[PDB]
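The structure appears right after this line, and notes come after that.
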Amino acid sequence: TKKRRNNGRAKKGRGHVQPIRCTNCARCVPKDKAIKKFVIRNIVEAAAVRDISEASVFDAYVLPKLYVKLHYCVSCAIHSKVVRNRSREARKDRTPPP
Amino acid sequence: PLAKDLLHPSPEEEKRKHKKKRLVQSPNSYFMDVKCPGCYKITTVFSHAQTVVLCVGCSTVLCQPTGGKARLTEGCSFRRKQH
Amino acid sequence: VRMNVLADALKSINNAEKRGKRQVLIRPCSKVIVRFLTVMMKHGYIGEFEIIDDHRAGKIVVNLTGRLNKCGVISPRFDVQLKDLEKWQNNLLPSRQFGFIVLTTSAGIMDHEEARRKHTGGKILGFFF
Amino acid sequence: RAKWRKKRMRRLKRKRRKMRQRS
Amino acid sequence: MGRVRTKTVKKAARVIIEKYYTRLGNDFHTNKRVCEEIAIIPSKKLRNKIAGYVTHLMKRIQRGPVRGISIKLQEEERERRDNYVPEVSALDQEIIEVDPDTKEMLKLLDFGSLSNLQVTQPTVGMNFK
Amino acid sequence: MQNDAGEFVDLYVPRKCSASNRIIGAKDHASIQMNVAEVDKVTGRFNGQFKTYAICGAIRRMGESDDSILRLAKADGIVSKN
Amino acid sequence: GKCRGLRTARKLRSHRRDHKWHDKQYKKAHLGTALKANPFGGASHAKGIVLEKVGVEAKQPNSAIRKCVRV
Amino acid sequence: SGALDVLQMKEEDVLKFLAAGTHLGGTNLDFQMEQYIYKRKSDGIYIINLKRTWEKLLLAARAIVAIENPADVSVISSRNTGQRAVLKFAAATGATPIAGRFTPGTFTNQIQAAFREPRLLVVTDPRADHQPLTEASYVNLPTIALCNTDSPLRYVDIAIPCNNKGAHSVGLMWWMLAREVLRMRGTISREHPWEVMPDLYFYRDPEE
Amino acid sequence: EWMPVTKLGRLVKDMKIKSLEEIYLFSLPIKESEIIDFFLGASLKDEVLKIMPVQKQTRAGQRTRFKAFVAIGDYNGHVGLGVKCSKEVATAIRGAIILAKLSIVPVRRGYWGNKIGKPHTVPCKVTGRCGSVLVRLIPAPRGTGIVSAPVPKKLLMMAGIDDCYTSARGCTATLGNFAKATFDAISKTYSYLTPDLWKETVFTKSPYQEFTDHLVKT
RNA sequence: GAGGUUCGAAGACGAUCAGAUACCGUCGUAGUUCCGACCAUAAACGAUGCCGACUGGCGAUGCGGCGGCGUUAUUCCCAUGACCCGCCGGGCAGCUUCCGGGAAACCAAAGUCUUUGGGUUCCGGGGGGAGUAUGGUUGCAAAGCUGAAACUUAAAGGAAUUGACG
Ligand SMILES: [Mg+2]
Ligand SMILES: [Mg+2]
Ligand SMILES: [Mg+2]
Ligand SMILES: [Mg+2]
Ligand SMILES: [Mg+2]
Ligand SMILES: [Mg+2]
Ligand SMILES: [Mg+2]
Ligand SMILES: [Mg+2]
Numbered sequence: 002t003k004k005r006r007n008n009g010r011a012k013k014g015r016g017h018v019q020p021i022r023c024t025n026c027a028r029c030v031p032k033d034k035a036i037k038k039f040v041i042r043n044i045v046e047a048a049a050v051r052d053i054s055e056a057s058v059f060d061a062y063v064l065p066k067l068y069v070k071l072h073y074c075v076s077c078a079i080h081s082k083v084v085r086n087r088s089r090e091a092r093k094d095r096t097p098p099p
Numbered sequence: 002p003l004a005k006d007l008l009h010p011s012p013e014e015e016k017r018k019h020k021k022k023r024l025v026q027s028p029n030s031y032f033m034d035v036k037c038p039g040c041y042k043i044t045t046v047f048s049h050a051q052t053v054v055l056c057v058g059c060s061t062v063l064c065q066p067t068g069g070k071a072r073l074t075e076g077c078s079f080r081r082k083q084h
Numbered sequence: 002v003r004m005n006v007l008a009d010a011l012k013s014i015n016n017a018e019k020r021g022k023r024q025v026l027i028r029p030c031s032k033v034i035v036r037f038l039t040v041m042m043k044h045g046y047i048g049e050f051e052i053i054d055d056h057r058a059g060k061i062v063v064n065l066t067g068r069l070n071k072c073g074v075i076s077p078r079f080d081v082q083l084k085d086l087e088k089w090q091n092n093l094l095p096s097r098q099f100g101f102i103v104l105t106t107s108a109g110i111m112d113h114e115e116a117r118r119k120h121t122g123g124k125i126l127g128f129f130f
Numbered sequence: 002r003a004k005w006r007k008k009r010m011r012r013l014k015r016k017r018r019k020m021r022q023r024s
Numbered sequence: 001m002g003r004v005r006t007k008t009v010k011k012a013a014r015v016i017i018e019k020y021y022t023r024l025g026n027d028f029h030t031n032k033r034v035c036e037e038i039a040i041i042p043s044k045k046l047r048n049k050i051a052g053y054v055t056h057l058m059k060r061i062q063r064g065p066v067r068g069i070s071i072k073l074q075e076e077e078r079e080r081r082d083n084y085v086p087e088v089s090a091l092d093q094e095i096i097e098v099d100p101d102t103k104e105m106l107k108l109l110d111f112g113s114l115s116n117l118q119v120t121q122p123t124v125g126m127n128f129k
Numbered sequence: 001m002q003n004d005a006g007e008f009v010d011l012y013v014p015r016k017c018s019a020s021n022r023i024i025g026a027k028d029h030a031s032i033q034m035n036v037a038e039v040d041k042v043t044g045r046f047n048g049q050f051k052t053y054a055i056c057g058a059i060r061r062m063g064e065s066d067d068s069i070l071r072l073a074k075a076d077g078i079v080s081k082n
Numbered sequence: 002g003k004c005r006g007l008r009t010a011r012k013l014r015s016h017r018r019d020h021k022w023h024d025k026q027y028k029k030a031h032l033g034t035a036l037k038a039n040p041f042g043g044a045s046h047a048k049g050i051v052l053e054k055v056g057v058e059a060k061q062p063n064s065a066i067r068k069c070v071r072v
Numbered sequence: 002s003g004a005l006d007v008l009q010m011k012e013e014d015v016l017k018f019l020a021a022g023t024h025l026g027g028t029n030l031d032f033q034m035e036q037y038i039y040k041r042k043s044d045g046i047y048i049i050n051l052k053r054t055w056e057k058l059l060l061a062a063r064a065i066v067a068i069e070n071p072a073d074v075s076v077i078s079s080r081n082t083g084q085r086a087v088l089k090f091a092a093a094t095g096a097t098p099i100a101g102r103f104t105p106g107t108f109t110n111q112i113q114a115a116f117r118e119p120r121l122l123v124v125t126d127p128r129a130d131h132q133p134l135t136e137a138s139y140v141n142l143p144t145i146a147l148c149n150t151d152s153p154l155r156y157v158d159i160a161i162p163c164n165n166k167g168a169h170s171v172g173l174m175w176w177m178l179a180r181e182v183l184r185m186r187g188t189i190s191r192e193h194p195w196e197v198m199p200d201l202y203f204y205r206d207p208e209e
Numbered sequence: 059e060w061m062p063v064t065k066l067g068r069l070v071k072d073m074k075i076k077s078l079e080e081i082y083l084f085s086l087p088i089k090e091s092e093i094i095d096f097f098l099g100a101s102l103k104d105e106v107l108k109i110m111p112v113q114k115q116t117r118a119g120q121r122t123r124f125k126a127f128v129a130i131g132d133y134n135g136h137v138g139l140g141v142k143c144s145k146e147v148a149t150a151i152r153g154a155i156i157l158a159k160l161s162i163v164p165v166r167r168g169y170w171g172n173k174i175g176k177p178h179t180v181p182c183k184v185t186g187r188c189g190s191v192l193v194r195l196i197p198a199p200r201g202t203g204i205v206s207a208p209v210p211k212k213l214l215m216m217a218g219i220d221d222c223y224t225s226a227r228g229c230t231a232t233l234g235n236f237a238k239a240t241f242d243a244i245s246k247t248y249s250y251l252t253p254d255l256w257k258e259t260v261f262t263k264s265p266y267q268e269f270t271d272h273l274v275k276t
């Protein structure tokens, strides 16, 4: 009963493809498989933005951002609610909807 | 769909078909009768050249070859029309 | 590769008439093709086909009509000994009331009825019905 | 599991080699 | 919380109004015992409960007309709107904004008509993958 | 279906698609039979008669029908030389 | 698929030959074993001496004692 | 239909077609419609051949007219741009209209208030109102449609190639059909134009 | 008494359409079992095939509901198969007959080989198949009777096939699609495109179209 | 044989647990690292043999070619090159559909199959016993390859359905 035609995997046209160990369980997974969030979080966050913008020696100042490529094994992807678990018709609909 | 008069295909829709796929297999290539500025002599260059075509005279070089058609050098003419 | 140039062609002229295609061309062509298609022309199974002469092999272009349910090809040309001709035309045609096993004898390519009038056997090619 | 019975027999047969070869 | 309405009310309410728009108003205790006249509502709770939407649908109506509703004025109103029209809807005065290719379509027709044709700009195409 | 005595057996002769010559089902409900009128020749006006014209289900669900309507219609002199 | 050719009468015969030592009902009949194993040496019935009477316990779903003979 | 002489294309007509933009197709092209197109411009907008556009238009006329009883022609629109249109040819011919929801098996069901065993559909978009086409598989229903370049031709007797997008253009077609179906047989000269304008046929947005 | 709501229904009860061949011809959906009751009064004898109890499972026990199959035919051309599921045996049967009645078709019968007398068998070797199972109907010289399993025999005897050798396989036990495969066998007799047909159709009006005067009733 | 970055069977302790010779911890050997021989197997998987023919759409993209209508640039153009718009071959792929398949899930192909055969390779015949015993062979050995039966056994299984419990 092939669940995902693709195999949750996104290989096609190859063979062994770089494995990558997760950012949570430390568990090994393929690169084409695996969920790949990439967070651009502000350093200071929502609250401190205005503490720090007062205390700044400088004027105005943009503040930087952390560019982390998160990168979960599916186990932790499901356990820690990155993706969920959809209906048969829904499994297919590959768009990314905010 | 359900009526394509294959035997009398309009001239356009063979030129958008790979050479051997056509109703009759014909080439998609040609010779060109080439001037070049110095000599008046005309060489009989084949578009798809492979080799470097040198002048019957001497000095000048007509056609650098590339993937498909040949690269004519700088400022030289040609003449398809025949057959 | 192209082993048998009938099977090649006949697949593609059964396999149009399912789609209801008005006419089809057949890529390799042959003498045997022509000679077995002209048989199909007589019992009505197709209309007039017009063979292109690409200098090499040949192409054909077959006017189809609705009438051909299937044509197929028996691929090895077994040798049919006239006593067997019945046992074949039992288990290879839908009824005794139509259906034509084209085969190839001493006296040309022809349907099974015409081999029976001349009383000859020979090698089975195919069948349309 | 499959993998851990194919690995049972490939340990067990190796004991019959050893047992046999004595005699 | 306690009270959202039941479909015996929601349906009867909506159907009184469809049939007595003129009789009702935007009070309670008036149209309250209109309902005693024009219907046979057995229980006082329901009798009374029905004049519920009878009001909540008049407060809606003055503000706006329901997308799906039963009314006499609205149907009458709709007919009037339809009749009004420009003398020619599609005449577009003189001079249509026409592509050169569109001009080409006319030529095959062979019709001759007034019109300046402008083609401009690079062939950008549509959308940004 | 005759026999010895030219005897037409078979309780009916089915209709037959115009576009494929393919026999149209007893219970093929996506059948059609389009009736199309002609005119007087001069003024306009359907007066006279009738270009009847059938199509099977399969050809409809394929998407064709209208390709295969035109081609027939313009053979029958209704449509002409676009 | 199948071999299908015209001078292929052997590849076929010899194909349909060995792919009977994978039939069960012939490997009783044509191997040897059966004649060697069944006390009834290929024979419909056989005579033997009753050496004792033994009750056998039937298979779970049906409880009962079956009343047989060691021969 | 192929108007060999009299019922030809004319000039006053053509200007309508251009004005509304009934020839300006969609960017994309369902192949069944490559009989009914000549170019795409730049941008990428396809151009319908007003000649074929019409021939077809009459072809539907011939077929509606064919219908002896004019009130067994269903006329559908689900998209709003036809809503007004369909009512108005329906009133002109004396055909039967369905605007809004193609309701559950009005073609199937011997119990629902609406059934109808009509003998021809007419539809604004095959794309949108795409039940009735499919129910028209279970009854022996021919089917006129007001197709675009981007429109599937599952279950259509005949496709009229148009815009069926800008209300403006839609109406025109629902006119010309209405017009021709009364010119053929009914109660118009051929020589004189109508009492009826287009303005009646192509919807209004909330305006006043 | 009728109240024919369908137009095809109305036309039937006023001696307007003469023989159902005039319906089948135009491929029209029969949707009132009484139609076929006009048009084959008497005849049309109705044999139940099986009463197999299906049953679906739920928090408390199992919903059990019956499935009746019924075959219908007049030993002369027309036959049908009706499958109705219901809570009760008598409801199922009664209301399966109503479907079988609806979904009757004509079977074209032909001829062994010598072209004499009346049609005793199938024209071609048709096949029909329902989910795995498949049934082939081979033509047959007179006297041979039907040569099949019980179930296709009980549908073919009904169709007024007198002779046929069959060849069937799949899961032939599963009666439903023993019978439904050999529904589509005998449907597809009249779909067989033979030379005998092969003449361009003359074409005729239509019941809706001829009698369109009486439908807008007077 | 070289080397010892981390990780880490094995192995040592701390906990957890009724117990954990397990998981969760802290160490750390073989090995993971290199160069030289062997071994010859994977869920070595698209669970789809290879060649060959035919049958529908529609989008995308890698390469090559061809054509065109663009312009950013780039220079006086150029050549380019970078975008745009097409076509063509063969690549990796996507969606969509009552082709047609398909027990079903699904499948442009698993389509062309009772309308049975284009060519050819391999290989399965209820489940276990068993991939066992034995024989042969290869291997330094783990093991590899070839590979039975008596006996027992009525279903084991597959696809989808409602349940019902996570
Ligand atoms: Mg791999
Ligand atoms: Mg010792
Ligand atoms: Mg070492
Ligand atoms: Mg540890
Ligand atoms: Mg292996
Ligand atoms: Mg297979
Ligand atoms: Mg086979
Ligand atoms: Mg076995």
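Chains as they are written, first to last, in the entry's author numbering: chain Sa, 2 to 99; chain Sb, 2 to 84; chain SW, 2 to 130; chain n, 2 to 24; chain SR, 1 to 129; chain SV, 1 to 82; chain SX, 2 to 72; chain SA, 2 to 209; chain SC, 59 to 276. The beta carbon of each residue, even a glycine, is placed where N, CA and C say it ideally should be.
Backbone CA spacing between residue i and residue j [nearest angstrom]
i, j, result
"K13 (chain Sa)", "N86 (chain Sa)", "24 Å"
"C35 (chain SR)", "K44 (chain SR)", "11 Å"
"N70 (chain SW)", "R2 (chain n)", "54 Å"
"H84 (chain Sb)", "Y31 (chain Sb)", "10 Å"
"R14 (chain SR)", "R85 (chain SA)", "26 Å"
"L66 (chain SC)", "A20 (chain SA)", "46 Å"
Under 8 Å between C-beta atoms of residue i and residue j
i, j, result
"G26 (chain SA)", "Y47 (chain SA)", "yes"
"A154 (chain SC)", "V141 (chain SC)", "yes"
"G39 (chain Sb)", "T61 (chain Sb)", "yes"
"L104 (chain SW)", "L126 (chain SW)", "yes"
"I78 (chain SV)", "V42 (chain SV)", "no"
"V191 (chain SC)", "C229 (chain SC)", "yes"
CB-CB length for residue i against residue j, believed under 8 Å
i, j, result
"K89 (chain SC)", "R123 (chain SC)", "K89 (chain SC) to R123 (chain SC), Cβ: 25 Å. No contact."
"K37 (chain Sa)", "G9 (chain Sa)", "The Cβ separation is near 13 Å, so there is no contact."
"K18 (chain Sb)", "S27 (chain Sb)", "Not a contact, Cβ separation roughly 10 Å."
Nearest candidate by alpha-carbon position, reference residue i, set the options
i, options, result
"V165 (chain SC)", "SC:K263, SC:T232, SC:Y82", "SC:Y82"
"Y68 (chain Sa)", "Sa:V58, Sa:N43, Sa:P20", "Sa:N43"
Closer than 8 Å to chain SC by CB, residue i
i, result
"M62 (chain SV)", "no"
Proximity test, Cβ basis, 8 Å: residue i and chain SV
i, result
"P2 (chain Sb)", "yes"
"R68 (chain SW)", "yes"
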